[PDB]
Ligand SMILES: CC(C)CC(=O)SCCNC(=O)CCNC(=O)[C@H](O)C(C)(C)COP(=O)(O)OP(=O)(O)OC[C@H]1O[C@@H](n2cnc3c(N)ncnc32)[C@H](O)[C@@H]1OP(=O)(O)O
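Take a look at this single chain in structure tokens; it is the form solved without the named molecule.
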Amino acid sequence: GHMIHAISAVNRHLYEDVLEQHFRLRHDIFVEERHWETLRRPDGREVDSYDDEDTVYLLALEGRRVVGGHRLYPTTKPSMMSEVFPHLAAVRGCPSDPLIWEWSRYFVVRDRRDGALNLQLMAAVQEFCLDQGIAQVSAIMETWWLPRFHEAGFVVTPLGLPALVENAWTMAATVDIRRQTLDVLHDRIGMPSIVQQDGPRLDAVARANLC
């Protein structure tokens, strides 16, 4: 029934309503709930330097209500890791590759927490990337994400030493996109497909190469 929608420059004309709704939800969740104060904005829209023409949003929709989601950004452009947290990837280096996209802003609205949505969101990043031929995603994450990744069968490669970011233990890592990982998650969520791609086809790897 309800699906995760892939929204990009090529199809956002079908989702302008939904995108604005998600920017406000990101403000409710990341700013007002999680107290990530560096992201507070007076328009009540949580929008940073990595929300631009090249961002891809994977948003969980129930009708037109956004109930969860995350975003992907090409590492061929300056990224959150390269610009804000390069010290977290000092051992292995910050990713920079059309085949590696930076994954951030994972959220689930309160009404949908501790339910089916979470594992669908995990499946969605794997499904979208495999479809696009993206090999890895990169992430800056709090260390409590590690068992969550492992629980979803995500293959994780740390890029550097964990460090305190504000008052929270944080690390940089890549996640390997795997058909095998996805197949198990499809079985677990009980759906052959979780990602809906309406409007024109997106060629993410090509776009990243242009950057």
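Residue positions are given as counts along the sequence shown, with the first one as 1.
Legend: mean Cα B-factor per stretch from the PDB entry, 129-137 versus 107-115; the higher mean is in 107-115.
Of the two stretches examined, 154-162 and 34-42, the record assigns the greater average C-alpha temperature factor to 34-42. Across the residues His27, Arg178, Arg65, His70, the deposited record lists the maximum Cα B factor for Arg65. The entry lists a Cα temperature factor for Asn167 that places it in the highest third of the chain's modelled residues. Among the modelled residues of its chain, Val47 has a C-alpha B-factor that falls in the middle third according to the deposited record.
Ranked within its chain, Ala173 lands in the lowest third, by CA B factor from the PDB record. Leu185: CA B factor in the middle third of modelled residues in this chain (values from the PDB entry). In the deposited entry, the Cα temperature factor of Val56 places it in the lowest third of its chain's modelled residues.
Not pictured, yet referred to below: the form deposited with the named molecule bound.
The three residues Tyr73, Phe128 and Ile177 each lack any heavy atom within 4.5 Å of the named molecule in the deposited bound form. The named molecule is not drawn, but in the deposited bound form it has no heavy atom within 4.5 Å of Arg92. Shown alone here, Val108 lies within 4.5 Å of the named molecule in the deposited bound form, counting heavy atoms only. Taking the partner from elsewhere, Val155 is found to have every heavy atom lying beyond 4.5 Å of the named molecule in the deposited bound form. Although the partner is absent from this view, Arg113 contacts the named molecule in the deposited bound form, with a non-hydrogen atom inside 4.5 angstroms. With the named molecule left out of view, the stretch that reaches within 4.5 Å of it through heavy atoms in the deposited bound form is, among 54-62, 178-186, 156-164, 30-38, 30-38. Although the named molecule is not shown here, in the deposited bound form the stretch 157-179 places no heavy atom of any residue within 4.5 Å of it.
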